[PDB]
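This document starts with two versions of one protein chain, written out as structure tokens and named structure 1 and structure 2.
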Structure 1
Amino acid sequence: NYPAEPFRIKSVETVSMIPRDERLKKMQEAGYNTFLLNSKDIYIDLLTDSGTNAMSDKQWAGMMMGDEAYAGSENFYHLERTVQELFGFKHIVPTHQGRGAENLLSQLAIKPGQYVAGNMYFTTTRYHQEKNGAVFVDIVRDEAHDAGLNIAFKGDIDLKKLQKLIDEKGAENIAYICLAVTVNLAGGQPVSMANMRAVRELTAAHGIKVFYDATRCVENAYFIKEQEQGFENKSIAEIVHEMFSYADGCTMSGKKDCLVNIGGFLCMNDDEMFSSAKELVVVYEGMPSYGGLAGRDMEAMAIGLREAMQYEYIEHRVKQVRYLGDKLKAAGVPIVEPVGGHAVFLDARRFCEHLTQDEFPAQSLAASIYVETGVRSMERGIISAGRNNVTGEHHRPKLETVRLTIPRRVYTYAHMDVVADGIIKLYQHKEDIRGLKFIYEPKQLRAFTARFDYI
């Protein structure tokens, strides 16, 4: 049902298990914002799966073989051919992480005033699109915004919404389609191969380019192998390669599915766009031959991307997350369904039904979770959504969630039991969670540095 880890523990990381009362002052010191907690004070850190993964002995062997040359590093050539082989794109430009590649793509493929449409958004991805003069349009299926609706491939793009955008705005006013795999904001929800194929057929007929946000593409490929009909016999690698055959390029954060702690890259097939990308990367990231990464990190990322193609690795990765979700569901704890590839999202609206969204139930549930359990989680609700620029009012998302994000190969099922058991106990007296309000709020990107206080 739930497989054992398809690896052994090679080395362990020291942790501290501090008491509740000490956790209280830290939570107070952090303004009740888990983003402001210190790593050393956290038993199980589920803030994000980005850059928090455990590497393998093979990757660490590569770390000893860093060719740190400014140009022509063997590690770059290794990373280049690995991505060309596994993703199938013609050209690769390394970047220090995913948002470095997003900065490049948005400056290369967007004219001021054009539209960029995709299946929901991510913060840095949407920022670089809008800062380069684009207007974002969400074309995900309406079901993806419904936390409790348990349907497969919730991250699919609504082809009808896409056709509507092309007819009303014109294909020439659409910069590109930004297709994310998986869809982080909807709970790590996958996109079917049929949806990727249908988007490619519709966009190619209008000459509209398609670029993937591929940070969690391997988790996406597992869902296709598990649940999409006709792919149960295909390997993860074959599925990944076919996924990108429907794209003109991609932005990749190795910090997710490449099983590394730093790194990303930009891929594309177009020769002219690749030329302009190499001109722009030297300004922000570095040389086209290292792009803001040490040689050893290009090596670790090349090895890690190949490791992620092992079926047993990715099956266990996803099913460990599912185990935490299943234990929570069995105790009646409200969660986003179905469980995504990288995290379980607690539905703070149902968890904190005594609070309104103006009282920030997700931010307060995350604070309560750490104090009561020593687990750090991330607010993914009204605080992260920001304020509408025209009216200065809160954006009001249907998804008011607390994200329990699982780094790859770091924790065990017993750690998941600690998390689930603590949340299930907290759910018993959920009425005790107090509301929050801003005591400090920045002008932009308030989720990371804002401070709150109770009631």
Structure 2
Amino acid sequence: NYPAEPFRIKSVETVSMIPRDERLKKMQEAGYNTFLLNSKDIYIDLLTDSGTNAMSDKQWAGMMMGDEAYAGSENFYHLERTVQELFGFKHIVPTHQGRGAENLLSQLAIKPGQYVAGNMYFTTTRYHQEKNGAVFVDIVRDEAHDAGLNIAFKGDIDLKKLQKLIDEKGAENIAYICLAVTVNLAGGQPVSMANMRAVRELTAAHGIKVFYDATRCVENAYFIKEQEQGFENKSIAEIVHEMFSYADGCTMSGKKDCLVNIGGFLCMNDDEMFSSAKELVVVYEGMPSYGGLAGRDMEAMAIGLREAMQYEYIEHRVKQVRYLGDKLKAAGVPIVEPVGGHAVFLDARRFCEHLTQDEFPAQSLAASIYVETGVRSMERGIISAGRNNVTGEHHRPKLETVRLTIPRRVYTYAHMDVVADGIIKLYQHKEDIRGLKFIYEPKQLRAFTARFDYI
């Protein structure tokens, strides 16, 4: 039911293995904030799947062949050729990571006063749109806002919401559609191919451009092969290629599904926009021949993008996450459903029902998780939501969760068992989890540097 790793371990990373009492000391000096823990003090780090992937022996061989030239690097040509072959786009501009490509796209395809619509948003993506004068509109289907609703392709765009938006505001004032695969805010939920072709059908009639946020497109491709009828016989690469046939371009973070620790790029088919793309990249990232990346990183990303297409790799990747979610749900632990492609979200509101949201249950759960197991997770509740500095009070989101984000090819099933067994043990005594009070709170981005103490 769950496949073994379709690879061997080539090299390993040393970890501390400090005891529970030491982990408590480390958590106390970190202010009970997992963001302040030192990497060296962590057994299993589920803070993010961004840039934390394990590369292959082929990629590290490519790392030894870094053509570090300012222009005309062989590594760029290999990256360019790979992206044009697997994604099908005409032009590609490398960036140091995905948000670098998003900064370029927002300045190239947005006129001040226009609208941008897409299946929910991301923190950096929404900023570059809003910073450049756009107004974001969420047009995802309403089911994406139900955490417990176990349905497929929860990240599809509602065609009615898109159709109504075009009528009420006009197509000329619509910059583009930002279709993300997968949808991080709904929990890593996929978008069906049928939804993608419908979006292309509707936008093409009004001359409206479509751009993909393809950072986790391979995970999305696997869900299409597994759960959408008519794609069971098609390979991952074939599905990936067809997805992008319904887009005018894309922004990619290689730090995710390209199986590297740094890198991204920007794709598009329009020649004139690509000409302008090369003008802006020199002032933000670098020359269009390297774009803020060392040659060896372009090589590793080009190799990793080809490795991500292996069906066995992506099946194991998703099912390793599914294994963690299934073990938690089989014990009664409340999670967001369905389990996404890259992370399992613990519902801290139900986990810590004896605590109010003002006592930061997700933050206190994450601190308890690390002390019991050595596992770092991310608070994704009231603390991360921040304040509205105009009113001064907290922001209160519907989701008060703890995110267990699985880097690619870094951990085994036995590591997932360590995570699950500690959380399941925590759940059986969940009444002991204590609330936290702010001791230090910074002015902005409090999730990173704030400190707490038990109540």
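Residue numbering: sequential along structure 1, first residue numbered 1. C-alpha atoms forming the largest set that superposes within 1.5 Å between two forms make up the rigid core.
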- Message: For the core superposition between structures 1 and 2, please identify the residue among 30, 47, 55, 63 whose CA shift reaches 2 Å or more.
- Response: 30
- Inspect the rigid-core superposition and answer whether the C-alpha of residue 385 shifts by 2 angstroms or more between structures 1 and 2. yes
- Is there a C-alpha shift of 2 Å or more at residue 7 between structures 1 and 2 once the rigid core is superposed? no
- Is there a C-alpha shift of 2 Å or more at residue 355 between structures 1 and 2 once the rigid core is superposed? yes
- Task: Determine, in Å, the CA shift of residue 437 between structures 1 and 2 after the rigid core is used for superposition.
- Result: 5.3
- Once the two forms are overlaid on the core, the CA atom of residue 341 shifts between structures 1 and 2, in angstrom, by 0.5
- Query: In Å, how far apart are the CA positions of residue 19 between structures 1 and 2 with the rigid core superposed?
  - Reply: 2.7
